[PDB]
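Residue numbers (the entry's author numbering), protein chains in the order written: chain C, 2 to 156; chain B, 23 to 34, 38 to 57, 62 to 155; chain A, 1 to 200, 206 to 291, 296 to 315, 319 to 406, 408 to 414, 417 to 604, 606 to 626, 644 to 733, 737 to 838.
Quick reminder that beta carbons are idealized off the backbone N, C-alpha and C, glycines included.
Let me begin by presenting the structure, written as structure tokens, before commenting on it.
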Amino acid sequence: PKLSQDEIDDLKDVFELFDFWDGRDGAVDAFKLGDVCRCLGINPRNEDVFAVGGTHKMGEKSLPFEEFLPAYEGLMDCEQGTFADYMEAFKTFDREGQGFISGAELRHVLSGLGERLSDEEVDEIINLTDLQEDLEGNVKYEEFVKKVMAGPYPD
Amino acid sequence: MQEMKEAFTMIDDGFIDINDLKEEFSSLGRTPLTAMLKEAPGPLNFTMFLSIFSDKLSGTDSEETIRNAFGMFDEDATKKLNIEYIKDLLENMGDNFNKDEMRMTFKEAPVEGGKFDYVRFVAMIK
Amino acid sequence: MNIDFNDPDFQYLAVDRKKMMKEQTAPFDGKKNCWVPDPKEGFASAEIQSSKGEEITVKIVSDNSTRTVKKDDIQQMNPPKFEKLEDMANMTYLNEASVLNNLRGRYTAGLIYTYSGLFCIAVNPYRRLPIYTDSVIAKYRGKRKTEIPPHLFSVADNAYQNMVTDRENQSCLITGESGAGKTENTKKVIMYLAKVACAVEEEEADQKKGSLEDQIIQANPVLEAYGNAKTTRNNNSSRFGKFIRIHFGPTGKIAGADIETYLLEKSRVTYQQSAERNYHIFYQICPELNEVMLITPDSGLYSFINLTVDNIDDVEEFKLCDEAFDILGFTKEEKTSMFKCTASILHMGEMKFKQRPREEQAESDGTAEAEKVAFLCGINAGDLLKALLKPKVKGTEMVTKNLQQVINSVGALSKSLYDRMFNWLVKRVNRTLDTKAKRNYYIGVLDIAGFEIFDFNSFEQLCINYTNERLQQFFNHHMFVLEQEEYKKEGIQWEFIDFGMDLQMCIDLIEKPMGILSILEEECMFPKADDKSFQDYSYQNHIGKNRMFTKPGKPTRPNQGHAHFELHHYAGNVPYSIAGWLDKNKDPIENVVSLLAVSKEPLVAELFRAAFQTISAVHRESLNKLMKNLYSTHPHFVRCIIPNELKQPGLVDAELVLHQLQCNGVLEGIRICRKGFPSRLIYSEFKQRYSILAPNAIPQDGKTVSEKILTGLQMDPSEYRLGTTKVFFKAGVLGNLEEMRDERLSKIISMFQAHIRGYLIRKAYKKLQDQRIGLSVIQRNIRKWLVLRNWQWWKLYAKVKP
Ligand SMILES: [Ca+2]
């Protein structure tokens, strides 16, 4: 809350880039706004977006800059996860502690539990991040939790 | 550059006041008035030719650019976007196209198997 | 690494999917899904919501509904992380309903032996699966509750282990209503305790005739004869407190048998409530000497008896019994001269011989019958009377200063008699195996009725309830010792109150001097024995003066509420009723044992002398002689079946089993359990399962990690306790540590799921903005053209470039 001018800025500059990809007319479709903030840093969740507008159908409700901006201010807050947090999820699955998870199982979580990730994603995600199996056919979650958090652009 | 300053044959006094053409262009079809020279504020000359005429070429890109502009949506260098994709990138994207703008565009815009070829389109659209 | 599991343990004890490779269901729905209690069925799985006022309106699986419930009837039941266990003590949510299902889930999921602390609940599948065999037995040397899943061999091998080991003497209480196989275990063990008793000479095997185990339950029918087998509201209630007290060596060796009794329903004989048939044997007997004398078969007459039913056939009990005898102490000089001694009773049952038109005296009248017994028994139908109807008290000075007596004098003898002559059976029965040479100490399996609360309550009922109740508290106390320590064996400890002593309250209501016991007792000599006199009197206090008990209240089941005041122990409250009580405490005591001496027949003499009171008197002396014989030992408890009346070995009958548990001590076991700090786990078994709870709240030891996870949660300091190897939680706090985890894990998946779809957008960004330019160009460009081919200074721009 209380953005700045190096902050409120990269917002409109993005809202703009996203107002054009659904027709330049001064507004942005809700649904596609959860994908506005992502690019803008924060990592809100489905519920999170919904609970401020984020429709399900594309073309149900379209927010104009201001009327949109506010709901962006409140997504920042939302419980943004963390290693230790993430790191645990995969562990309660590590029936060995060795630090692995049958990709099988792994692609099960991301797919099955919680907020299901499009089966479209995952493969995608694990494929840029590059998540190569290994002998056993399982993965070492750790390096992945890091990779995913590192953002697409590392060092 | 000057393949411009040409013409002046076939058109019609001195800088051809009215009806340059008409005499000059009914030898084959069924010509048009006083707008095709009403919209000739000018008058005539070659003065602000490069001004009024042309410069109406604003935003008019290179046939290597526009062709490239299309390329970003098919970098499997297939040199093709699937119709619908374009049919949708124009009608519902950027500064979307009106049912008519669209109707015209895809008139002789070359397609096959549902496969558009920007890699001619340009050529035909200049 | 490792641990262990399965293999085959293919009792099956086995494993329905070895659990967590294929499971289904986690999210659970724990603010939602756990069972309502109803009645058909007891309780049942469900969903919830209403937030009503006020009850509910949600419901079960399958069926369902729009049903209303409240808060004393909701209950809840353990996340799958509390599915089909063993100790059952280790069980968050220790509620009446919850329990069960972890057993139903054993029948319909083949298995029937669970722990509930010490309690070894076990069922009758009475299909006799491979359970008891040797691809089973083959182990547990000193393997405890945890070094092998359930089965009694625990109680067997470690009551065993406790034997030798530790030092002193074992014991063990058996319970089970009239079903299971109590006739066994008590039988099915031994086999055990023995296999492991002499598997620590005598090869010839010729001494392997009467077998061991399957021997002394031979005598069963001479015992269990008098014995027992057939009553009324059930049918084979060995109406005595047994105790296969088998003795133990000085060298970790066996060392004999031994065995006694306590509370033999004297009553049974004199009084009876019809179908309340008195002791299987009289009939199972009444050819070659099936006479030898006195009347014969069918009640009609011969009272103190005044009739069999299904596949009971009193047949075989006979012929097929005579001989078994002949292996122990007796050569037909008793065996034979000891039955009459039985028949010698039916005679008196031939009542009356009157009073006086008005004169308080009684007439010898009949006496044509007495003769026979004065012929069977010994002496002479005149040897008596006088010092039987008008005797002489002994410094000498013989006196004779009532009729209403005698009938008692009899409804006392027949008792006393039958009594003495059972102690008799014992005396010898074990003799054969009573190599009483003595080599210190032993185990002990105990058996006695198990608390009965139903439709009617008399001086009968109130006795067992006097037994069990007082029994229980022995249990409690014990458990008050296994905790009393522990915490002590765990650096933690929180002084409490000998729960066992919460029941006392009630045991100290009757046994208690100015308890009722004596206000009932004495009040027998008392000539003004109206019963009513008895009624209120017990009051004249108690009612409003005790705390424990009451006045009746009102109806419950069929018929109405023709009650008579209410008394309550554990196992709830019971609506007893006096009436025929004072009439029946009835047992008085002679004059030369009122004779029976000599007769040159000791078959009826050395069963007498090697006053004028009642049965409770002699009861308490037995009971205590059973407590002050128990309170100095190492108890063990095993409970039984009662799946389904019509023995469909398939399964269940909640209420019927609910019934039971509502006794034994089990339900009362969680009551106390639930009172302290159940739910136990060494920190390691905690760190893991509960780390998502304060993930970012740890450094990245064991007993340390666990604390920040407690402290980080604002957990109420009174809900937990940290000994020094593990941590104890209040009653069902583990639940919350499953409502949270369960829910505070999903919240971790999504937070990731989403940390990985910002990553996809934050990835497409330039690719995304690049797109714009490349697009805003096409449009712009399609339009520049198309703007052109329809301008004019263009349209006709070089129809021909000259
Ligand atoms: Ca828009």
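- Between the C-alpha atoms of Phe101 (chain C) and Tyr12 (chain A) there is a straight-line separation of about 33 Å.
- Taken through DSSP and simplified to helix, strand or coil, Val589 (chain A) comes out as strand.
- For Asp36 (chain C), the Cβ stays outside the 6 Å cut-off from all heavy atoms of ligand 1.
- A heavy atom of ligand 1 is found nearer than 6 Å to the CB of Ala28 (chain C).
- Within the chosen limit of 6 Å, ligand 1 reaches the beta carbon of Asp20 (chain C) through at least one heavy atom.
- Of the heavy atoms belonging to ligand 1, none sits nearer than 6 Å to the Cβ of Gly60 (chain C).
- Distance from the CA atom of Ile725 (chain A) to the CA atom of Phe150 (chain B), rounded to whole angstroms, is 59 Å.
- When C-beta distances to chain B are compared with 8 Å, the residues of the region 5–32 of chain C below that value are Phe21, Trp22, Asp23, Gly24 and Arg25, in chain order.
- Nearest to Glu97 (chain C) by alpha-carbon distance, out of A:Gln721, A:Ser812, A:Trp829 and A:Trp830, is A:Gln721.
- At the C-beta level, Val589 (chain A) and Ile463 (chain A) stay beyond 7 Å of one another.
- Taking 7 Å as the CB threshold, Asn125 (chain B) lines the interface with chain C.
- Here DSSP, grouped into helix, strand and coil, assigns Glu141 (chain B) to strand.
- In the DSSP annotation of this structure, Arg127 (chain A) is not part of any beta strand (DSSP E), being labelled neither H nor E.
- Counting only the Cα atoms, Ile112 (chain B) lies some 24 Å from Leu824 (chain A).
- With a 10 Å radius around the Cβ and a threshold of 16 neighbouring Cβ atoms, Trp22 (chain C) comes out buried.
- According to the DSSP assignment, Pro65 (chain C) belongs to the beta strand (DSSP E) that extends over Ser63 to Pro65.
- Annotated as proximal: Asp49 (chain C) and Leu76 (chain C), with beta-carbon spacing under 7 Å.
- With a 10 Å radius around the Cβ and a threshold of 16 neighbouring Cβ atoms, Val671 (chain A) comes out buried.
- The continuous beta strand (DSSP E) containing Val29 (chain C) extends over residues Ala28 to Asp30.
- The residue among A:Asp73, A:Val609 and A:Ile56 with its C-alpha nearest the C-alpha of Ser65 (chain A) is A:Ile56.
- Here the region 268–275 of chain A makes no contact with the region 320–327 of chain A; the two share fewer than three CB pairs at distances below 8 Å.
- For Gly771 (chain A), the closest alpha carbon among the candidates A:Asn657, A:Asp29 and A:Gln24 is that of A:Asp29.
- In the DSSP assignment, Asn111 (chain B) forms a beta bridge with B:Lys144.
- In chain order, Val813, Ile814 and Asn817 make up the part of chain A whose C-beta sits under 7 Å from the C-beta of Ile95 (chain B).
- Distance from the CA of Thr379 (chain A) to the CA of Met350 (chain A), rounded to the nearest whole angstrom, comes to 23 Å.
- For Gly30 (chain A), no CB of chain C lies under 7 Å from its own CB, so it is not counted at the interface with that chain.
- Annotation: Cβ neighbours of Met122 (chain B) in chain C (cutoff 8 Å, chain order): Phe21, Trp22, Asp23 and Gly24.
- In this structure, ligand 1 has a non-hydrogen atom nearer than 6 Å to the beta-carbon of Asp23 (chain C).
- Under the 7 Å criterion on CB atoms, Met787 (chain A) is classed as interfacial with respect to chain C.
- By the criterion of at least three beta-carbon pairs nearer than 8 Å, the region 143–154 of chain A is not in contact with the region 520–540 of chain A.
- The alpha-carbon separation between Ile507 (chain A) and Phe710 (chain A) amounts to approximately 11 Å.
- Residue contact with chain B for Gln807 (chain A): present (Cβ-Cβ distance below 7 Å to some residue of chain B).
- From the listed residues C:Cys38, C:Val140, C:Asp30 and C:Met150, the smallest Cα separation to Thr83 (chain C) is found for C:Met150.
- Taking 7 Å as the cut-off, the beta carbon of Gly361 (chain A) is found no closer than this to the beta carbon of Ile674 (chain A).
- Residues are counted here when their Cβ sits less than 9 Å from a Cβ of chain A; for the region 38–54 of chain C these are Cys38, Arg39, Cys40, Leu41, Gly42, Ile43, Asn44, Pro45, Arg46, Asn47, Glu48 and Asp49, given in chain order.
- According to the DSSP secondary-structure assignment, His252 (chain A) is paired through a beta bridge with A:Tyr457.
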